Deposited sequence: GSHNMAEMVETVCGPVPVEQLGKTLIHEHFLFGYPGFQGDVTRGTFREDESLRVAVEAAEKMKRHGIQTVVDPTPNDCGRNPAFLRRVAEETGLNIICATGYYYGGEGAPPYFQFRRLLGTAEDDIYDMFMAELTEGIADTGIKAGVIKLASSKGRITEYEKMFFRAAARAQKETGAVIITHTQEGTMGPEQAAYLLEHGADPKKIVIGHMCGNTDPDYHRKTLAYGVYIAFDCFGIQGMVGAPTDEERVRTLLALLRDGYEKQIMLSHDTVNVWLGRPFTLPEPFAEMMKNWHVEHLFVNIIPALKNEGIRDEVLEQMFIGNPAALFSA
């Protein structure tokens, strides 16, 4: 029926065309310390975020899930301003990126309960004093492992999902741990119909995808546009992989996005001369002007695309 957005409860029927994974603001944990040279320019960031929203609206997007973690500059009030100005639905997350603070609490033996309590509060009561509730729990694991630290969050997320029916979205690191994340979550009673394993496009082996899909979870090809960096494949490989799975009939378990960061938090930077060119399609319009027209050429029917962009998000949050 209803999902919490940065503008309060919204009927899932009205979510419409959805991008399952984009960031209006993002900073790598640690940016906080670089406040002097990497100060947050609120009004310019708002202008940029609002233009990103208008770009997405031009291609029919009505809803964005922004899964920025608590420690990566999540700013629900900022997100509400963007939404209030543009009419875009924005759903935010509760969760942490893939350290000493929650490690200290392990010593006291309250860490997993504290995390669960954080999740419950932010899902059912509100984030700080913003009055905004998260619509998803965000989880992440490391390359090649889900560490003991990370598993605490997975267990807490599974507990919170069982009490709230909240959606879980994950981050996989460099094409690893897709099946493991699914299996561990289900072990702990999470519902596969409410789980999205993310960054599945980071792996070019279709059998890796099918092992993950076999759990009945959603997977996301949510890094379209990212090429060269963080071990990334290329967009062609992503499309090849995606094209193999839809032909196998997996369209009811697959969503697409770019994982853009429209405003970087912390100090500005510049990607070097070869990298920057390769990364030039990393923007919120890329799926619509390049990828989807290519899926058209290979013969993907519009009813399938609508399943991924409309039906799947609608079923997920239902």
Fill in the blank from the handout: Residues of the deposited sequence that never got C-alpha coordinates are 1-6, 105-109, 330
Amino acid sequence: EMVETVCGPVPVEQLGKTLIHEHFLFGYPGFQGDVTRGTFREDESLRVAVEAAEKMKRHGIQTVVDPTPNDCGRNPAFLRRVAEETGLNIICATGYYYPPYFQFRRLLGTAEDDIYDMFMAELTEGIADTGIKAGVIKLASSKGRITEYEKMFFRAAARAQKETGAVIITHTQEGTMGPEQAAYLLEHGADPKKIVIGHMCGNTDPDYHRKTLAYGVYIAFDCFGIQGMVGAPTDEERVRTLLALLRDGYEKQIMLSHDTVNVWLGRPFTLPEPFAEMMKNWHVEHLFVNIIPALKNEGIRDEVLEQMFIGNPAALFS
From here on, numbers count along this sequence of modelled residues.
Exercise for the section: Check the entry's C-alpha temperature factors for 183-191 and 201-209, then say which stretch has the higher mean. Expected result: 201-209
Problem - Mean temperature factor over C-alpha atoms, higher-scoring stretch between 82-90 and 127-135 - result: 82-90
Practice task
Could you check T170, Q227, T176, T147 and tell me which one carries the biggest Cα B-factor in the deposited entry?
Solution key: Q227
Handout entry: Candidate set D113, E237, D71, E163 [ranked by C-alpha B-factor, highest]
Key = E237
Practice task
Looking at the entry's B-factor column for C-alpha atoms only, identify whether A158 ranks in the lowest, middle or highest third of its chain.
Solution key: lowest
Problem - For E273, the third of its chain into which the C-alpha B factor falls - result: highest
Fill in the blank from the handout: Of the three thirds of the chain ranked by Cα temperature factor, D66 occupies the lowest
Problem - Position of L25 among the chain's modelled residues by C-alpha B-factor, lowest, middle or highest third - result: lowest
Practice task
Give the position of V263 by CA B-factor within its chain, expressed as the lowest, middle or highest third.
Solution key: lowest
